[PDB]
Amino acid sequence: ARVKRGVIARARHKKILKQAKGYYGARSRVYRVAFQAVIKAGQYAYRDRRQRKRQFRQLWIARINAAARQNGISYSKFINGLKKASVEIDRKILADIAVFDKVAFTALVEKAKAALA
Amino acid sequence: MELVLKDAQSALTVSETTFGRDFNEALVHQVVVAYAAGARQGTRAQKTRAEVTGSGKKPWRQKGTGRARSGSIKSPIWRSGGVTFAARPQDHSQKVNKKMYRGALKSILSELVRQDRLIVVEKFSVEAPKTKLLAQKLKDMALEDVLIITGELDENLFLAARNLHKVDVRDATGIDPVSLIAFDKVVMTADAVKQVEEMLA
Amino acid sequence: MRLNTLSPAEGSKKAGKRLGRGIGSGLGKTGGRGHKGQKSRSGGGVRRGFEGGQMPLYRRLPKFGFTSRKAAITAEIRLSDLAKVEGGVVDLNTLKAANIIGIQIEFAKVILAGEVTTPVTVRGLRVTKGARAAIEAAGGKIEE
Amino acid sequence: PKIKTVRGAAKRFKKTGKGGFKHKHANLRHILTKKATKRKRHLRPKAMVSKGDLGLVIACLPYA
RNA sequence: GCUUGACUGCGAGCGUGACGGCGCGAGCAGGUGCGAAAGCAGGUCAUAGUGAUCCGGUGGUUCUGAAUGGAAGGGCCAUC
RNA sequence: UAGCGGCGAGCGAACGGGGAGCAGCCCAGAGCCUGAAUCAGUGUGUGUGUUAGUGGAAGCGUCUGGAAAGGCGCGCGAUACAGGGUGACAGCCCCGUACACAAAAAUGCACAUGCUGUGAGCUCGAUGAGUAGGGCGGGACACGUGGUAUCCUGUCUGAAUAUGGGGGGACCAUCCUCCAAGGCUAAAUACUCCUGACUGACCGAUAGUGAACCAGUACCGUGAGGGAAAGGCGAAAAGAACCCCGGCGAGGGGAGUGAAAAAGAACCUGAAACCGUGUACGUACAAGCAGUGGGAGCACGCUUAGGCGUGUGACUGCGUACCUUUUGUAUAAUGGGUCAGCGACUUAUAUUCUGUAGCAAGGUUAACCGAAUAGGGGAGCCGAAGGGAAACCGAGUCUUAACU
Ligand SMILES: [K+]
Ligand SMILES: [K+]
Ligand SMILES: [K+]
Ligand SMILES: [K+]
Ligand SMILES: [K+]
Ligand SMILES: [K+]
Ligand SMILES: [K+]
Ligand SMILES: [K+]
Ligand SMILES: [K+]
Ligand SMILES: [K+]
Ligand SMILES: [K+]
Ligand SMILES: [K+]
Ligand SMILES: [K+]
Ligand SMILES: [K+]
Ligand SMILES: [K+]
Ligand SMILES: [Mg+2]
Ligand SMILES: [Mg+2]
Ligand SMILES: [Mg+2]
Ligand SMILES: [Mg+2]
Ligand SMILES: [Mg+2]
Ligand SMILES: [Mg+2]
Ligand SMILES: [Mg+2]
Ligand SMILES: [Mg+2]
Ligand SMILES: [Mg+2]
Ligand SMILES: [Mg+2]
Ligand SMILES: [Mg+2]
Ligand SMILES: [Mg+2]
Ligand SMILES: [Mg+2]
Ligand SMILES: [Mg+2]
Ligand SMILES: [Mg+2]
Ligand SMILES: [Mg+2]
Ligand SMILES: [Mg+2]
Ligand SMILES: [Mg+2]
Ligand SMILES: [Mg+2]
Ligand SMILES: [Mg+2]
Ligand SMILES: [Mg+2]
Ligand SMILES: [Mg+2]
Ligand SMILES: [Mg+2]
Ligand SMILES: [Mg+2]
Ligand SMILES: [Mg+2]
Ligand SMILES: [Mg+2]
Ligand SMILES: [Mg+2]
Ligand SMILES: [Mg+2]
Ligand SMILES: [Mg+2]
Ligand SMILES: [Mg+2]
Ligand SMILES: [Mg+2]
Ligand SMILES: [Mg+2]
Ligand SMILES: [Mg+2]
Ligand SMILES: [Mg+2]
Ligand SMILES: [Mg+2]
Ligand SMILES: [Mg+2]
Ligand SMILES: [Mg+2]
Ligand SMILES: [Mg+2]
Ligand SMILES: [Mg+2]
Ligand SMILES: [Mg+2]
Ligand SMILES: [Mg+2]
Ligand SMILES: [Mg+2]
Ligand SMILES: [Mg+2]
Ligand SMILES: [Mg+2]
Ligand SMILES: [Mg+2]
Ligand SMILES: [Mg+2]
Ligand SMILES: [Mg+2]
């Protein structure tokens, strides 16, 4: 029962090389190099599903800070004020409102300031 | 336990142990596998590094050439080299305990009765050693793929069945577990049933 | 019941280990041998009873005893064997004929093991105190 | 082929009813005058092979 | 001063060792010494003073004894 | 197992049992008697095989197609549906196959009866000497000199010879058993350079022979010796008339053949590395494992016209390959230029444990017989009893004079 490897080996190599499309040089052409590139791409993608959540929160906070300071209050006081006012709107939504509805954002700041006063 | 004869319409009495027992799949499986293992010829070989034709000269010196170290041109790493674990001829036959063999046959025969695949007749024969006669007889009986078991194997029936690939004609002593399962129907003469009864008990 | 509807019993056919076929198997690379040393090697490992060079147990302990040739030609008969002979007389030859003892056995002893429930004459065998009581209680007799 | 008994082990161990092994004690061959009678008396009866050593003995005596 | 307990067979139980081993031990049987007796004595205030197995030697022995009776050799106990 | 054994590593019987097969004779010598038994060489009939051969059943229509053996329909043979071939897969087209037959000549074999040599039967007698045995040295016996029987003999010796002699594992006695120093002998057993037939959970061109091919060749070596690579057009050569560019080239474009010519002989399929042409997008102020998360712009598709898809990826967060070996490696430690193909826990037997199946105080057979995967075969093996070094005793036994 001699087994030739060619058909299965080809399919495995092609599966990896397909995942390496777009990579530079040997990384999209050469199995040995492409395999390492694909594993590393997977490692980074795993890491960066966690980092994405950090990076977006960082961005939302920076924008809330800018919008809050245009309305005469720091980010840190603003968040404290909203919590004392029992407002549960999260940072993704606050940052969205900061950009797209300036008047509504001002109303949130006034709510925060009233809770602090 | 009784089996009605199709031609005669009598009632042949048989033991519950042989023809009425439960199907033991695990036991039957072992015996069927053993039977197929018994059919293997097991004739093959490859050449180890000892058996490949060539010199025992070391291909190049141990050190200094910048090549991987080599010892034999017959190394299994090398093209044209030996097979690492070269096959030899093997005996693939298994032991089947006598009682497990007999137990498997009783399970099979009992299951053929439950599935209405065992057909008992008083007699089964042909006038002349003519395939056309047996082919017509099986057409009359609504049989196609059939194992025919006789008490004594007729020469006319043997010769008539030989060129029909769907049909096989055996004596009762020449039953085997795979053949009872493989054919769609099993026709037994009354005399064959008694010999099989006596054989298995 | 067809050749493609038979299965083995659950648990009856465990798959063999295959070493050195990659990470996922759990036996890749070193094949369960660990790292280096004599035991990792092809043909590697020390002989039976070897303890690293310390005088091994089977040499630091003394030899004792001798083997008796008489023991090899002496058998024990159970009470349950007494009924297995043909014709109700138990002696060496009838025990040999019944395949109870080997043909080269020259001496035999009936012991209190199992039961005797029939009258048996025992001739030319030793019998234990307990076996004698059991044989005599079943209406048997013992002849030296 | 058949496993070969370690013949030196067969001269030093005998299998008991529950599958342990009896052996003769060491230290009662010679240099006996200096040994207390108590010590020698306790070395006379046969002893059982310890748990740690059973694996070694069993390997040596496959037909015990 | 009188003595041979520096006893023989055993040993509940325990300590210490990977193991081989080593250690402590009331008490039981037999026979003993000392003392008036209770009692004590199985070496020495204790902890070093030691060498496995093999091979063989010596003495003993209700064991074995290659046709049988013996014997040789072997075993077992003591010891080198 | 018993034993042997620096009692180490290891070596390893026999007795006895079950089978296959089976067969007994002659000389060491005269007599009587005829040449009776039977083995060889040389004949010649009788079969029976071998070396060429002979006959050997039964199918058409229609659909797809380059082609039908395929599909569909309706028939027929089968002691033949083994197998091979034929323009795709054929019981019925071809070659076969089952079955039935055949030899002028040579020849194996088996019996038959000649001739030639060979002599059986019977009674009486005989019964293997430099031998057995020994001393010395060595070797062989499972047995290593050991308490070492037995066998062989290089060396030195040396019996009794049937009222005798050998052996029974030191040795002696007793008893039993056999007759050395002369020889022949079928079968069961071993093997395959070679011939025929058939088979394979054997390989399928880096495999399988080293060798599918003009291979023990080319080639290497003074020589012994070493020793490759290399298979496939198509159903059929129908292997491309003729024309055109070119050197009366190479190579190509047409034409033609063909089902197909990116089947055109550098020929089935035609992967990958590697190298190009074309198009989209990015890229000449920008620093590092080259990705990943975010992300504009552009191009091209789709179209609830909201968006989506595909390619690209400005800019930006994070981010020092893999294997190995290590306390620890981005490591400036190891290994890999890349791709494709191959390349490493197997096999046999024994043994123990687990799972599972059978049968159960029983379980199971080996060789072998059997045409038999059956059935027979229970020789054996394991288990149902242990204790003791052992004799031995035995649900106990050993220890000890004897056990609380
Ligand atoms: K048939
Ligand atoms: K392991
Ligand atoms: K006392
Ligand atoms: K057709
Ligand atoms: K055909
Ligand atoms: K001589
Ligand atoms: K004699
Ligand atoms: K070669
Ligand atoms: K080759
Ligand atoms: K980036
Ligand atoms: K290192
Ligand atoms: K280095
Ligand atoms: K196993
Ligand atoms: K099992
Ligand atoms: K006891
Ligand atoms: Mg293949
Ligand atoms: Mg590519
Ligand atoms: Mg090869
Ligand atoms: Mg059988
Ligand atoms: Mg692991
Ligand atoms: Mg390693
Ligand atoms: Mg290490
Ligand atoms: Mg290790
Ligand atoms: Mg090696
Ligand atoms: Mg028997
Ligand atoms: Mg001693
Ligand atoms: Mg105790
Ligand atoms: Mg020695
Ligand atoms: Mg004797
Ligand atoms: Mg003798
Ligand atoms: Mg002695
Ligand atoms: Mg024909
Ligand atoms: Mg084709
Ligand atoms: Mg003679
Ligand atoms: Mg002699
Ligand atoms: Mg001599
Ligand atoms: Mg001699
Ligand atoms: Mg000599
Ligand atoms: Mg010698
Ligand atoms: Mg010796
Ligand atoms: Mg003698
Ligand atoms: Mg001789
Ligand atoms: Mg080749
Ligand atoms: Mg190919
Ligand atoms: Mg030359
Ligand atoms: Mg062709
Ligand atoms: Mg041209
Ligand atoms: Mg083709
Ligand atoms: Mg091609
Ligand atoms: Mg630009
Ligand atoms: Mg600048
Ligand atoms: Mg720029
Ligand atoms: Mg740069
Ligand atoms: Mg993204
Ligand atoms: Mg960075
Ligand atoms: Mg280091
Ligand atoms: Mg690091
Ligand atoms: Mg560097
Ligand atoms: Mg490096
Ligand atoms: Mg290194
Ligand atoms: Mg390198
Ligand atoms: Mg016992």
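Sequence lines set the chain letters: A, B, ... in the order given, protein chains first and strands last, and positions in each chain run from 1. All values below come from the heavy atoms of this structure, side chains included, with hydrogens, waters and symmetry mates left out.
- A salt bridge links B/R170 with B/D168: the closest approach of a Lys/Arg side-chain nitrogen to an acidic carboxylate oxygen falls below 4.0 angstrom.
- Nucleic acid contact class of B/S80 (heavy atoms, under 4.0 Å, all strands): sugar-phosphate only.
- Picking from F/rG12, F/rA384, F/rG291 the nucleotide with the shortest atom distance to the side chain of A/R27 gives F/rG291.
- As judged by a 4.0 angstrom heavy-atom cut-off over every strand, A/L59 is placed among residues making no nucleic acid contact.
- With a cut-off of 3.5 Å on both Watson-Crick or G-U wobble distances, the partner of F/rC60 is given as F/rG73.
- When the side-chain nitrogen and oxygen atoms of B/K98 are compared with OP1 and OP2 of F/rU364, none of them lie within a distance under 4.0 Å.
- Looking at the side chain of A/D48, the nearest of the listed nucleotides F/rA372, F/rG293, E/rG51 is F/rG293.
- Residue A/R5 has a polar side-chain atom (N or O) positioned under 4.0 Å from OP1 or OP2 of F/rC342.
- Within 4.0 Å of B/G54, counting heavy atoms only, lie sugar-phosphate atoms of the nucleic acid but no base atom.
- Nearer the 5' end of RNA chain E, as judged by each residue's closest nucleotide, is the contact made by C/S68, out of C/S68 and D/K46.
- In terms of polar N and O atoms assigned as donor or acceptor, the side chain of A/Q51 never comes within less than 3.5 Å of the base of F/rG293 in a complementary pairing.
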Q. Stepwise, does the side-chain hydrogen bond (donor to acceptor under 3.5 Å, both in side chains) test hold for B/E25 with C/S7?
A. CA-CA 7 Å; B/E25 188 181 355; C/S7 57; 2.7 Å; yes
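- Between D/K2 and the phosphate of F/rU349, there is no side-chain N or O to OP1/OP2 separation shorter than 4.0 Å.
- Residues C/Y58 and B/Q30 both approach RNA chain F. Their nearest nucleotides, taken by heavy-atom distance, put C/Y58 toward the 5′ side.
- C/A72 comes within 4.0 angstrom of no nucleic acid atom, judged by non-hydrogen atoms across all strands.
- Between E/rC80, F/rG362, E/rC10, one nucleotide has an atom nearer to the side chain of D/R41 than all others, and that is E/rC10.
- A donor-acceptor pair under 3.5 Å links the side-chain atoms of D/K35 to the main chain of D/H30, judged by distance alone.
- Contact check, C/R21 against F/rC345: a side-chain N or O comes under 4.0 Å of OP1 or OP2.
- Within 4.0 Å (heavy atoms only), B/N156 reaches no atom of the nucleic acid at all.
- Residues C/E51 and D/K34 both approach RNA chain E. Their nearest nucleotides, taken by heavy-atom distance, put C/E51 toward the 5′ side.
- Across all strands shown, D/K22 has heavy atoms under 4.0 Å from sugar-phosphate atoms exclusively, and none from any base.
- With distances taken from any side-chain atom of C/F66 to the nucleotides F/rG291, F/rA207, F/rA389, the minimum falls on F/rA389.
- Looking at C/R33, its side chain comes within 3.5 Å of the base of F/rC345 through a donor and an acceptor atom.
- Using a 4.0 Å heavy-atom criterion, one finds that C/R18 contacts no nucleic acid atom at all.
- Distance from the side chain of B/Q41 is smallest to F/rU199 among F/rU199, F/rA389, F/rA344.
- Cation-pi contact between D/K46 and C/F64: present, with separation from the ring centre below 6.0 Å and deviation from the ring axis of at most 45°.
- From the dihedral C1'-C2'-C3'-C4', which is positive here, one reads the pucker of F/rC359 as north, toward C3'-endo.
- Residue A/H13 has a polar side-chain atom (N or O) positioned under 4.0 Å from OP1 or OP2 of F/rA340.
- Nucleic acid contact class of B/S55 (heavy atoms, under 4.0 Å, all strands): sugar-phosphate only.
- Of the side-chain N and O atoms in C/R69, none sit less than 4.0 angstrom from OP1 or OP2 of E/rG74.
- At least one donor-acceptor pair under 3.5 Å links the side chain of B/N156 to the backbone N or O of B/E127.
- Applying the 4.0 Å criterion to OP1 and OP2 of E/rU8, one finds that D/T37 has a side-chain N or O inside that range.
- Distances shorter than 4.0 Å separate some side-chain N or O of B/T131 from OP1 or OP2 on F/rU79.
- Within 4.0 Å (heavy atoms only), D/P45 reaches no atom of the nucleic acid at all.
- When each of F/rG200, F/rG210, F/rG8 is scored by its nearest atom to the side-chain atoms of C/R59, the top-ranked nucleotide is F/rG8.
- Regarding contacts with the backbone of F/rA80, a side-chain N or O of B/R162 is found under 4.0 angstrom from either OP1 or OP2.
- If you check distances only, the side chain of C/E76 never reaches the base of F/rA384 with a donor-acceptor pair under 3.5 Å.
- Judged by atom type and distance alone, D/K4 reaches the base of F/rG12 through a side-chain donor-acceptor pair under 3.5 Å.
- Remark: A/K14 is not in phosphate contact with F/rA272, judged by side-chain N or O atoms under 4.0 Å from OP1 or OP2.
- Side-chain atoms of D/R44 stay outside donor-acceptor range of the base of E/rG9, with no qualifying N/O pair under 3.5 Å.
- Side-chain N/O atoms of A/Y44 include none lying less than 4.0 angstrom from OP1 or OP2 on F/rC289.
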**Q.** CA sep, side-chain torsions, deciding dist, call: C/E115, C/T117, side-chain hydrogen bond (donor to acceptor under 3.5 Å, both in side chains)
**A.** CA-CA 6 Å; C/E115 305 175 6; C/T117 187; over 6 Å; no
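- Between C/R48 and C/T30, the residue whose closest nucleotide on RNA chain F is further toward the 5' end is C/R48.
- Across E/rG11, E/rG51, F/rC322, the shortest atom-to-atom separation from the side chain of D/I31 is found for E/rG51.
- In this structure, B/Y35 forms an aromatic stack with the base of F/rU373, since both conditions hold: centre separation below 5.5 Å and plane angle below 30°.
- Listed pair B/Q90 / F/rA348 meets the phosphate criterion, a side-chain N or O lying under 4.0 Å from OP1 or OP2.
- Across all strands shown, C/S80 has no heavy atoms under 4.0 Å from either base or sugar-phosphate atoms.
- Among the atoms of the strands shown, only primed sugar atoms or phosphate atoms (P, OP1, OP2) are found under 4.0 Å from some heavy atom of A/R32.
- Between F/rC4 and E/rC55, the distance separating the two P atoms is 10 Å to the nearest Å.
- Judged by distance alone with a 3.5 Å cut-off, a donor-acceptor contact links the side chain of D/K11 to the base of F/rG5.
- Contact annotation for C/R126: backbone-only contact, meaning every heavy-atom pair under 4.0 Å involves sugar-phosphate atoms and none involves a base.
- Taking only side-chain nitrogens and oxygens, C/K36 comes nearer than 4.0 Å to OP1 or OP2 of F/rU326.
- For C/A71, taking side-chain heavy atoms from C-beta onward, the closest of the listed nucleotides F/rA391, F/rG3, F/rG363 is F/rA391.
- Closest contact between the side chain of C/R47 and the listed nucleotides F/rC7, F/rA9, F/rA350 involves F/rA9.
- Looking at the side chain of D/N27, the nearest of the listed nucleotides E/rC22, F/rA374, F/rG3 is E/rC22.
- A salt bridge does not link B/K106 to B/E197: none of the charged side-chain nitrogens sits closer than 4.0 Å to a carboxylate oxygen.
- Of the charged side-chain nitrogens involved, none lies within less than 4.0 Å of a carboxylate oxygen, so that C/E51 and C/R59 do not count as a salt-bridged pair.
- At the heavy-atom level, C/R60 lies under 4.0 Å from base atoms of the strands shown.
- Going from the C1' atom of F/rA374 to that of F/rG383 covers 29 Å, rounded to whole Å.
- Within the 4.0 angstrom heavy-atom criterion, base atoms lie near D/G8.
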